[PDB]
Every structure is written in C-alpha cells, then in structure tokens.
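A lone chain, given as structure tokens: the form deposited in one PDB entry.
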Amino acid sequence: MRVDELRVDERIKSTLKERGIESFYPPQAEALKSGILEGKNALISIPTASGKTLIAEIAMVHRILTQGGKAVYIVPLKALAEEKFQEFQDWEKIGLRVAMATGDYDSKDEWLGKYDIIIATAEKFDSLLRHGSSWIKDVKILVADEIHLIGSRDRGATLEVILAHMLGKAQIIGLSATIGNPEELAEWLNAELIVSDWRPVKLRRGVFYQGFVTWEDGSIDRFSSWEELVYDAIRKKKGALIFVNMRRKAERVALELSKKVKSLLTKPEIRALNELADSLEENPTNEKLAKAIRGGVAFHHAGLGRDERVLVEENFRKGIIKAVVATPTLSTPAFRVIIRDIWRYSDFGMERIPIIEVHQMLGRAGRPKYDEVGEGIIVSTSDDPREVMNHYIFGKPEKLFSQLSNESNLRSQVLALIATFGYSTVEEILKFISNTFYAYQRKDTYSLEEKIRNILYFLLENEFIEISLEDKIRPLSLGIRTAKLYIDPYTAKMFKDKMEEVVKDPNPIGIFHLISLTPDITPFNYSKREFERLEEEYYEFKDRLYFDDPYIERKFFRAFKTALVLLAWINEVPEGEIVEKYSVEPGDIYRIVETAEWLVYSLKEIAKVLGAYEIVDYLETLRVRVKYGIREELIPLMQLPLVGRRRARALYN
C-alpha cells in the first residue's frame, strides 16, 4: 500500500513522506484497512520490526483530526515514554499538542487538557482516572503498547483495569507480541484481530550447540564458540546484541568479548570509544562499563543509571559500539541477536525464559537498511539442542492469563472503585469484574469473589471504608486519600498503625525503614557477608525504628539496609562511596530514591488525614531532602534549572 492510497487527511500523508515512508508493509496495510480508521477496536499482533507503532500514530491522529478529542498512548514503563515522546514530535508540525505524563500520582493534572496526544504509563493513567481529570471524557482513543504485559503477574492488572474502564467509551487499540490466545483477547476487546509474522528483513533463527549453529531451515554452520558469532558479525562490519540473565553476568561477558573485539576496532573508533568512556560519571559501576567500552563492547542493565543506559543505547545505534550485552528488564536492532541464557533465577527457582520473550528477543535481529537477513541464535550450553529448537522456535507462545488476582493490585483496586469511582455494593464491584479479561476467560470466579469479600473486610477493619446493615459501602477520608495517593492500602495501613510512633520520634532511619517495609517498594538485597554488619547496626539503632523486634525477617533487614542507604543519601555521601559502602549500584539508588520521595510524600498526606499535623512540615522537609539527597541548608539552591547535591553543595560553600 502506498501512503497515498491511504484514505486520510493530507496532513498525515505529508508528515509520513517527510519521514521517508512512501508505502506500508503488508501487515500495516491489513491493519489500516480493518476498521481502525472507522473507529473499530483492534488487536495488532505482528513483529515489532513491522512498525506496530506507525499503525497506532496514524489511527490516533486520524481519530483526532476527524473528531477532535485526545488520544492516549499507554506505555509499559516511564522510560519508554521519552522515546515515544521524541518520535511523536513531528505531529506538532500539523499543530498537534504532544504531552508526556509519568509520575506525580497525586494530582488531576488539569494542565493536560490542552494537549491532543498524551503519553503515559498504565499506573499514571489509572490514577488520573481516580482523580477524575476533567479532560478524560474527551479521550476518544487509547492505544496500549505491549498490551500482552496484561499477562504480567506484577503490573498486568493495572493495564487490565484501565482498559476495563475505557472499553465502550473510546476506541481501543492493542499492540502486542505473538501470544497463544490472540482471538480470546481480541474478543474481550471487541476488536479486529490482525495476526502476522511478515517482516521486512528475513529472520533466520538457530541454535548454537558445541561448535555448530543449526538453523530452522535445516542447514549447519560451524562456529568454534558462541562468542565467535559476535566476532564474525563485527568483522563483517555488522553488530551484535547479546542477552543474558544476570547483571554481573552481562558485565563479565561484556568485558570478555571486548578483550577480543578491540583488535577489530580501527584507530578512529578506539579514539572515539575512549572519548566515550572518559565521559562516564565516575563510580564503580561505570569503571567497569568504561573498560568494556574502550574495548568496543558494553553491558546494559538496570544497575546502570538512566544516562549511562541512554549513552549505551544510542552509541550502539550510532554503531560506535559494536556489541552490547544486556539483561531483559530495560532492553535498536542488530544483525545478530544472541540469547546466551535460557534459564533465569526466579523466586520459584531457576526457570526457563518464557517463549513469548525469546521470540521478542530474536525479533530484534535484522536492520532494514543494512541487512538481507537477520540472525537470532539461542545458546544451548547444557540442554538438548533439539528440545531447545522445538520449544523456542516451534512452540506456541504462552497464553495470556489475567493477573487480576494479584492481591496487591486487587486490594488497591477494590478500594479505588469504592473511593474514587463511587461503587457502593459488592454486587456493583462484581459488575466491574464482569467487564475484565479475568471474567472473560471465565477464570475461577468464586476464588476472586472471596478474595474481594475478604479485602472489603480488611478495608472495613482499618477504617478506609464503612458499611451499613443495609450493606451500603461508602468511603471515609483515609479511603479516598489512599486511593488518590495510589499507594497500596496496606502501606497506608502500615503508616496509620505507626503514626503514633513517628510523631513520638520523627527521624530519618525510622521513616526510611518504615516505608522500605511496605509493598510499594523493593528494598535492597543484602548478602550473607554484610548481614553480620547489618545486625549490629540494627541492635545499635533499634531505638529509632518503629518496630519492636524483627523476630518475636528477611524483608525487615532489607528495609533496614535501605534505611541506611537513603540516610547516607540525604547526608550527602558521594554516590561512588554509597555504591561501595553498601554494595549497591546507581540505578537502584535512583530508583529507590525516586520511590522514597513518593512514599515520604504519601506519609505526609496520610498524616494530614489523621490529625498528626505537627509532623507534616518535618516530613515535607524530608521529602525534599530525599529527592536530591541533600541537607536542608541546600534546599533553596535546589530551585535552579538544574544542579543538585552536585554543585549546590559546593556553591553553598
């Protein structure tokens, strides 16, 4: 299909041409002629390499232009939002307002009412709906990217919830990877189903086993070692992407590869890779990233700061970096994609990476511009080669299961309905359930109903809600406030129960430990080695905490380690020193800090709700200290367009 055969305003055809696009891939055309341009819902299940995002932009803009209103683009993580924001800029050339909303859960954000295209994570949008933002009624279409994450135990329930709220109120467009139950999800969505595996560049998938790669077609190719695939790819001017399961693993493998890749890097690239390694902020975690990069290979994982990760990502794109070793969470295309591990550590033991995931990983092979073929190789270190092939190259992807039973999401969601959506009867809350994907999969209805009755009891006991002998459920201040803060009802419960202790002794350690013990935060882990030190410091500072005795406990000390880290953060300990002293990386530090700000904020708000107004100012000063990791006497110099503990501290001196 030629962009000009597209029955849409010239403004869109014009913007695409400027983009170099003149025609659509067969999968794109099928999607564009399925009814999405006429408002129908649709579920697009095709390779990422086939431009799922373009089908969404076109249907969004066409939607707005033909009927005013706004378009919502829901993104998986508040990090794939800035990239969606950059690529959605060219829509402003035709007068479209593109906004990005990610955090700050406690606000209606009425300022978004003047934008046409809004990008947000599922959580952020879920809370906007709770706050009842004025403009939401103007949303005419919502696009959910990687909609298949609805099957994620963690946050899939949130995505399901907002989708359940929006179905039949706006056009819904889902973008997903291949899954086992495409038609079931499409039906629940009352959507057109577009399933395809057509891709621009041919994809050859194989398995590397003891000196050889066996491709799906049947042929065999010798390779002395899996790493040789990388080396070969690099010698051939192409690049390589290698997936691993652990951070340190990614780090060991990156440094390793780089030790033999450097002898393939012309003077320019080595010269450049050095100007590159020297630009990295200084800290342990980067020192490593440094050595590897000067060698041409880099590692990529959550333990690295946002910037570092961006620097890697783009330079791999720029091609200045020949290969990047990365973990899954937070993972451009490459000629060769190597999956070096097929077993990952879960709390359920070491398990095999899901099929849906391996496919998504192999699908990143083959750059439209530079390749006549893309190759994805799974490395079988100690698995039956044939079994690996049959399970990951010829096995149906997993079927998506509603993750609505996730007790933490459900408890927070049952209250949200009562406290911000006016549900007042169990039977009415059940009506909501009936429109969810859980209800549509006809999954165990009884068990869900009982978990909800129990949850209502929990909420009724802790005074978030109230009931009548007529059984009319109505929310109370703490209920409404909790729901609007987006925190788990249980962390609110934990704040409420300890509010007397906090006002009796307001202090950093106590608070950080308290918040780091709730469900809304993932405390730092600790090893067998340091645990010794943690115990002494604990018993040395048990007076400042708000809990009697851990025993009378793993999370307790994780939270306690976290309380110490944050404490050093507010006391301006240099990043690098914190990384060292507590064995933690700047990625987790920024993540935890950012979450602590949110959580110390929510404690202030819950304090307001419970009369403890005398600690409000303190917690407020604590919130700001946590956000920038600074002493109070610097909070003024924080205003600036940008500075931080960085210069600020020096300035003040």
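The first residue of the shown sequence is 1; numbering continues from there.
Keep in mind that the form deposited with a small molecule bound is not shown, yet the notes after this line are about it.
Trainee: Between the options 635, 643, 21, 12, which residue brings a heavy atom to within 4.5 Å of the small molecule in the deposited complex?
Mentor: Selected option: 21.
Trainee: Of 595, 48, 66, 621, which residue is found within 4.5 angstroms of the small molecule in the deposited complex when only non-hydrogen atoms are counted?
Mentor: Contact with the small molecule in the deposited complex is made by 48 alone.
Trainee: Heavy atoms within 4.5 Å of the small molecule in the deposited complex: which stretch in 596-604, 609-617, 623-631, 22-30 meets that?
Mentor: Contact criterion met by 22-30 only.
Trainee: Consider residue 34 of the chain shown here, and say whether it contacts the small molecule in the deposited complex, taking contact as heavy atoms within 4.5 Å.
Mentor: Residue-level check for residue 34: no, no contact with the small molecule.
Trainee: Whether residue 87 contacts the small molecule in the deposited complex should be assessed with a 4.5 Å heavy atom distance threshold; does it?
Mentor: Judged by the heavy-atom cut-off of 4.5 Å, residue 87 is in contact with the small molecule in the deposited complex.
Trainee: Does any part of residue 52 reach within 4.5 Å of the small molecule in the deposited complex? Heavy atoms only, please.
Mentor: Output for residue 52 is yes: heavy atoms within 4.5 Å of the small molecule.
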